[PDB]
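Colleague: This structure is in structure tokens; I'll ask about it shortly.
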Ligand SMILES: *[C@@H]1O[C@H](CO)[C@@H](O[C@@H]2O[C@H](CO)[C@@H](O[C@@H]3O[C@H](CO)[C@@H](O)[C@H](O)[C@@H]3O)[C@H](O)[C@H]2NC(C)=O)[C@H](O)[C@H]1NC(C)=O
Ligand SMILES: *[C@@H]1O[C@H](CO)[C@@H](O)[C@H](O)[C@H]1NC(C)=O
Ligand SMILES: CN1CCC[C@H]1c1cccnc1
């Protein structure tokens, strides 16, 4: 199988800027007839992929002219002139030379803007969960950029990693920010034997890690 | 042209899964139909194509012996017998039309979700996320509504009929042991929370679970 | 090189009744199909 | 409207692109044309892009 290499993996660009993405094959994919057969696919979150560039030297019937494709017999490059709010998504390559056919690696593409200050919050468990017999300590971090950020859990000064769940979404549309939750589930009996629970955050926009701690017995 | 697929499919691991593909508006028995596997994490991997006219089948060298296609000529329908299924194959399945060396991939399907698990359909468990007793009153405060232990996806966690829709945050589903744990948050002013009544609502259509839950200070 | 001749003509009429005139000096090759092994060097027409 | 389908057997002549023997791809082209009328009285248009194979074995 002829594997695809997509470069880069992520190219955050601003609105209106020109972006070029390379898609290389391990082998020659030029057919003996004299035409190279490759497909470009654009997939949006929660929808079926769309068509923009088939038979690279040509253009799909229905896609605007802002997309273009070029390259030599082996190296291929997809170019966008002005990135709009609709161009968010993931690119994919599809070679059509040899049997069987295979896909690419998938190139993540979103927009880029300036840096933002992270908003950190911590939530101790509620009384209903205490009556149930559990303890879910949550740590939200909203409206931060870029994704380079680390979350750490401390129990009485000791690092804790078991039971930590990290979740994050994509780049939002109205504010272009990132969000991340860290959830820690423990037993209620363990909640009454320790003293201090702390969520700490390290981000590029903060020289000191943002600390949010709370004590059981205060 | 128009494509139809089967509904959601759940099954215990080790058994077989059958999904149906219906095609109308064109000559169904004239050119290739290929299916695509998308892991919910990343990447696109193909599974194979078939020619509904003859008994021509081929498979990717990685997914050999995992599935076996079949097509009907009387009824325009394609099926796929699936072999012993493992928890590493729970992904989304697409179908598409294709004709090699020429115009190809002009339409798609809608998406088939296959969720294989050994668990059983359990109703959700809703919980609040109340801040600590000792905390500094800032200008704004974040909220939290958690749902643990439900199957299968999806669920709808909203605020009061869309009243608090700005700055909301709902994260993707992540497992802990065998079920899902999902939190929803939103930022509100601090001068309004002690006065306005807010209640997070949870709707699960697969289990018909409509539960509202109010968050109260300590 | 192969030199092969085809002889066309009338059968039941003399020159006093039917007289043939070649429309083209050379044989047309606008829709020729290249067999691959044989290529036509030339095709000449003669009136006798 | 008239809808007419006569069966037939055809012996087309297509060049053999024999480079990768034996496995390979053969490209055989076959033309349809009206020998009697040119594009002055009739015009030909394809109903479907692909040759239907409903009856193929
Ligand atoms: C099998 O043989 C046929 C007949 O030769 C091949 O069709 C020919 O393919 C070539 C190359 O794709 C076509 O050239 C193209 O013509 C269009 C005209 O619109 C032009 O836009 C392109 O830039 C290119 O020059 C040629 O037209 C076509 N011959 C026809 C349709 O009569 C076919 O490609 C062969 N099969 C394979 C897999 O190659
Ligand atoms: C082919 O034969 C014809 C008839 O004998 C003759 O007139 C002509 O010169 C020949 N062509 C060549 C190239 O010898
Ligand atoms: C002139 N033709 C050529 C050979 C036979 C001859 C002929 C004579 C009379 C009637 N038919 C044919």
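For chain D, we keep the numbers from Swiss-Prot: what you see runs 142-198, in order.
If you check the header, you will see the structure was determined by electron microscopy, 3.7 Å.
Cβ coordinates are placed from backbone N, Cα and C, and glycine is handled just like the others.
Checked Swiss-Prot, it gives:
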- D:144: site 'Key residue for a rapid dissociation (K(off)) from the conotoxin BuIA' (SITE)
- D:155-D:169: disulfide bond (DISULFID)
- D:168: N-linked glycosylation site (CARBOHYD)
Colleague: Hey, how far is residue D:169 (disulfide bond) from residue D:144 (site 'Key residue for a rapid dissociation (K(off)) from the conotoxin BuIA'), Cα to Cα, in Å?
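Modeller: Rounded to a whole number, the Cα-Cα distance is 28 Å.
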Colleague: Among D:144, D:155, D:168, D:169, which recorded positions lie by ligand 1, judged by Cβ under 6 Å to any atom?
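Modeller: Cβ < 6 Å from ligand 1, in sequence order: D:168.
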Colleague: Relative to the Cβ position of residue D:155 (disulfide bond), how many further Cβ atoms are located within 10 Å?
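Modeller: Residue D:155 (disulfide bond) is surrounded by 11 other Cβ atoms within 10 Å.
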Colleague: Could you tell me the C-alpha distance between residue D:144 (site 'Key residue for a rapid dissociation (K(off)) from the conotoxin BuIA') and residue D:155 (disulfide bond) in angstrom, no decimals?
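Modeller: Here the two Cα atoms lie 30 Å apart.
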Colleague: Determine the Cβ neighbour count for residue D:169 (disulfide bond): the number of other Cβ atoms within 10 Å of its Cβ.
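Modeller: Result for residue D:169 (disulfide bond): 10 neighbouring Cβ atoms inside 10 Å.
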Colleague: When you measure from the Cβ of residue D:144 (site 'Key residue for a rapid dissociation (K(off)) from the conotoxin BuIA'), how many other Cβ atoms are you left with inside 10 Å?
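Modeller: Result for residue D:144 (site 'Key residue for a rapid dissociation (K(off)) from the conotoxin BuIA'): 4 neighbouring Cβ atoms inside 10 Å.
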Colleague: Around residue D:168 (N-linked glycosylation site), which residues of its chain at least 6 apart sit with Cβ under 8 Å of its Cβ?
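Modeller: Non-local contacts for residue D:168 (N-linked glycosylation site): D:155, D:156, D:158.
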